[PDB]
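Only one structure is covered here, and it is reproduced in the block below.
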Protein chains: 4
Amino acid sequence: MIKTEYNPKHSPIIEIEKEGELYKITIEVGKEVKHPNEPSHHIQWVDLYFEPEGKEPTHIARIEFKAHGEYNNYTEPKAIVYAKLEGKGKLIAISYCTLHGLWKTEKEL
Amino acid sequence: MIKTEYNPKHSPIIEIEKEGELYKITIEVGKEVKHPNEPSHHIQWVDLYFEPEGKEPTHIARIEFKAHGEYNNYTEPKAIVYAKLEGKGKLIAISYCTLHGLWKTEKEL
Amino acid sequence: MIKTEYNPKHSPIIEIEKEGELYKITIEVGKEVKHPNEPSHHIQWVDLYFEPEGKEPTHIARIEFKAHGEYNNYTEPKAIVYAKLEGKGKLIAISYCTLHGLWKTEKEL
Amino acid sequence: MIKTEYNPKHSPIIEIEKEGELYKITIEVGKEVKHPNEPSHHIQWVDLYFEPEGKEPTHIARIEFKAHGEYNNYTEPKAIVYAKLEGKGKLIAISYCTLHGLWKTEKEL
Ligand SMILES: [Fe+3]
Ligand SMILES: [Fe+3]
Ligand SMILES: [Fe+3]
Ligand SMILES: [Fe+3]
């Protein structure tokens, strides 16, 4: 169901920067190879989870990329969110393409 | 229903930076006075629209801030999204607080 | 921004049924005249609020209708949700069409 | 990450009814044993996918249960959605509890 193998067009790449108490978490799908952004083929959303070591995954953010050509407006599948996270663990990003399903990426915090 | 009056704790502040073809759009609620982030009182989400002059508002992004204390994890009400926007108009941010309703901010593009 | 006038194709019609402690709340967009459900033109979501008399609007449900032709699958803009609501007030439904903007309907509880 | 084992409190139970061209799809979490609905412990959302045999999973609906005590209002983790689905396959429901992670249920169409 969820594809874990890396894919330049579909894999949601996670970058982590610690700014004081906040984690600055960048998620981008198609960073190096641009994914199409068309009404019938686009990256629709990304979910961000934090799974602290020894605990359940906690939903951190849900980002919907809503524009795909309406009046020539396009939302690129890239977002920056901010969270206070306690302890060590791994971030989990899940993204959805309207034709090619779901893709997952994990990155150690 | 929607409050348009400015409020330091609840108004979603919009910042715009043009990066190539993309508008880099930062939205933060409680920028100068931090809003509480508690299970029973928090900023839950922000909707971002672009209304080109003379046209209908186009939904650009929907961001849900999902963590509000679960395992001491907190999602800050701040997000950066990226969009291709055609023509002139105004951006519209709508944010929701679980106790004080909905708040709107407009910014000319 | 939000259109309040009734429209057979876009207005989210609210029906309310009381079942014990629960309100069974049906929302349908395009009840009498079906709205197109196409990649470039469809009803994307509906938000349901409850505004008790003299209080702030409380967000009750958010429903995203996600399929609009992918592999000939279509999500109809109709949903039934269930809530316990305290006191008297009105339900408020807001729906979004990817071409014709936002539409609002109110119904007294 | 996703829990597939049956659990009376957390598993999103799927029911399917064919009404003309439409599948009437009911999803309820905590059907036989009620799950807590509290600010710090509640069922937040359910995602519904359709995976036609030999194809990728198509996102059908996303339902957020938004009220968990705000002004004594509670959204129950139960929703009914409607979709036109082509061919045979299986429905996939994924639900999220703010403390006990993600839970999955599949049902043959
Ligand atoms: Fe794709
Ligand atoms: Fe507030
Ligand atoms: Fe329309
Ligand atoms: Fe639980």
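Labeling convention for the structure tokens: chains A, B, ... as they appear, residues from 1 per chain, ligands from 1 in order of appearance.
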Which residues of chain C are close to chain B, meaning at most 10 Å apart when you count only C-alpha atoms, and how do they look as a PDB file with C-alpha atoms, in the first residue's frame?
ATOM      1  CA  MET C   1     -15.756  35.985  -0.414  1.00  0.00           C
ATOM      2  CA  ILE C   2     -18.340  33.531   0.944  1.00  0.00           C
ATOM      3  CA  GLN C  44     -13.694  19.595  -2.855  1.00  0.00           C
ATOM      4  CA  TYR C  49     -19.696  24.476  12.378  1.00  0.00           C
ATOM      5  CA  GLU C  51     -22.574  28.392  16.600  1.00  0.00           C
ATOM      6  CA  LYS C  55     -20.943  32.026  21.598  1.00  0.00           C
ATOM      7  CA  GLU C  56     -18.151  31.491  19.070  1.00  0.00           C
ATOM      8  CA  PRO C  57     -18.537  29.051  16.158  1.00  0.00           C
ATOM      9  CA  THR C  58     -17.228  25.599  17.075  1.00  0.00           C
ATOM     10  CA  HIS C  59     -15.766  23.503  14.262  1.00  0.00           C
ATOM     11  CA  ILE C  92     -23.220  26.422   9.462  1.00  0.00           C
ATOM     12  CA  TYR C  96     -15.735  24.854  -1.748  1.00  0.00           C
ATOM     13  CA  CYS C  97     -15.910  24.445  -5.517  1.00  0.00           C
ATOM     14  CA  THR C  98     -12.607  24.524  -7.394  1.00  0.00           C
ATOM     15  CA  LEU C  99     -14.009  27.048  -9.901  1.00  0.00           C
ATOM     16  CA  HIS C 100     -16.902  28.890  -8.216  1.00  0.00           C
ATOM     17  CA  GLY C 101     -15.535  29.593  -4.744  1.00  0.00           C
ATOM     18  CA  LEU C 102     -17.107  29.169  -1.319  1.00  0.00           C
TER      19      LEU C 102
END
With only C-alpha atoms as the counted atoms, please give the residues lying no more than 12 Å from residue 38 (chain C), apart from itself and same-chain residues fewer than 5 positions off, as a VMD selection string. (chain A and resid 39 to 40) or (chain C and resid 43 to 44 65 to 76 97 to 99)
If you keep C-alpha atoms, can you produce a file of those selected residues as a compact mmCIF listing (two decimals), in the first residue's frame?
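This went into out-v7.txt:
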# COMPACT_ATOMS: atom_id res chain seq x y z
CA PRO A 39 -5.70 18.59 -12.45
CA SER A 40 -5.57 14.84 -13.18
CA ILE C 43 -16.84 20.07 -4.92
CA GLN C 44 -13.69 19.60 -2.85
CA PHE C 65 -14.17 14.62 -1.07
CA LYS C 66 -10.98 13.32 -2.65
CA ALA C 67 -11.76 11.36 -5.85
CA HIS C 68 -12.80 13.22 -9.01
CA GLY C 69 -12.20 10.82 -11.90
CA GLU C 70 -8.99 8.99 -10.97
CA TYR C 71 -9.48 5.52 -12.45
CA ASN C 72 -13.16 6.46 -12.90
CA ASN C 73 -13.67 6.85 -9.14
CA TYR C 74 -15.77 9.76 -7.88
CA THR C 75 -16.48 10.96 -4.34
CA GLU C 76 -19.97 12.44 -4.13
CA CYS C 97 -15.91 24.45 -5.52
CA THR C 98 -12.61 24.52 -7.39
CA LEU C 99 -14.01 27.05 -9.90
Name the closest residue to ligand 2 among the candidates B:31, B:24, B:90, B:9; distances are taken between atoms, counting only C-alpha atoms and all ligand atoms.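 Of all the options, B:9 lies closest to ligand 2.
You can rank C:10, C:88, C:3, C:107 by their closest distance to residue 28 (chain C) using only C-alpha atoms, and at the top of that list sits C:10.
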Counting only C-alpha atoms and all ligand atoms, which of D:36, D:20, D:8, D:89 gets nearest to ligand 4?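 Smallest separation from ligand 4 among the options: D:36.
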Rank nothing, just name the residue among C:95, C:52, C:12, C:103 nearest to residue 25 (chain C), using only C-alpha atoms.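 Going through C:95, C:52, C:12, C:103 one by one, the smallest distance to residue 25 (chain C) is for C:12.
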Apply DSSP to the backbone of this structure and, from region 5-38 of chain C, keep only the residues in strand (DSSP E or B); write these as a ChimeraX atom specification. /C:12-19,22-29,38
Which residue out of C:33, C:60, C:85, C:109 has the minimum interatomic distance to ligand 3 when only C-alpha atoms and all ligand atoms are used? C:33
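Coordinates place CA of residue 77 (chain A) at a distance of 24.3 Å from CA of residue 93 (chain D).
The smallest atom-to-atom distance between residue 7 (chain A) and any of A:64, A:86, A:105, A:37, using only C-alpha atoms, is found for A:105.
Our summary of the geometry notes that CA of residue 11 (chain D) is positioned 13.0 Å from CA of residue 48 (chain D).
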